[PDB]
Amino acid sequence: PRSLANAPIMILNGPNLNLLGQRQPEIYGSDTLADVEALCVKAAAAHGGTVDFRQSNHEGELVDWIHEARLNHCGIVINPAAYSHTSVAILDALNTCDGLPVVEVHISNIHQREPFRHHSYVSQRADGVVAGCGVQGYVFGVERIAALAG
């Protein structure tokens, strides 16, 4: 249990989010992942914290990063993307550290899409779940982590 002052917020981005801004902008906006990173840095700095923002298309890599967060970070904001719907491994990785504040963010409103996107394994462990609020949802994520680590 590290404070925002003492350790960064881990910001984990799942598969395909590296291409944010290039595709279906009605759904994902025209902002890039670098744009989202800047939003997070800004939100975190208003609370005196920092962020460790990362993206990967590999499930095992995200699990590896979650374990790292357990030791060195004050919380996790995670947009699991497609792995939200299929990754028990990601869920179990978040379950390994009980105390750590976790906020799940979906840029798109998953509940308006295909029936298989309605269920997220991460939601049973996330403290909070933000969906369909665009890239603003990442800001919400940082704010809630700030409130929880506080």
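Rigid core (definition): largest C-alpha set, two forms, superposition within 1.5 Å. The first residue of the shown sequence is 1; numbering continues from there.
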Exercise. Of the stretches 23-31 and 78-86, which sits farther from where it is here in 5 other deposited structures of this protein, on average over its Cα atoms, after fitting the core?
Worked result: 23-31
For this session: Between 54-62 and 92-100, pick out the one whose C-alpha positions differ more from the shown form in 5 other deposited structures of this protein, using the rigid core for superposition.
Result: 92-100
Exercise. Which has higher Cα B-factors on average according to the PDB entry: 80-88 or 36-44?
Worked result: 36-44
For this session: Taking the mean of the C-alpha B-factors per stretch from the entry, tell me the winner out of 46-54 and 25-33.
Result: 25-33
For this session: Consider only the C-alpha atoms of the modelled residues in this chain, order them by B-factor as the entry records it, and name the third containing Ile110: lowest, middle or highest.
Result: middle
Problem set entry | Third of the chain, ranked by Cα B-factor, where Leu20 sits | highest
Seminar exercise, completed: Chain-relative C-alpha B factor for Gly99 (record values, thirds): the highest
Exercise. C-alpha B factor of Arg117, ranked within the chain: lowest, middle or highest third?
Worked result: middle
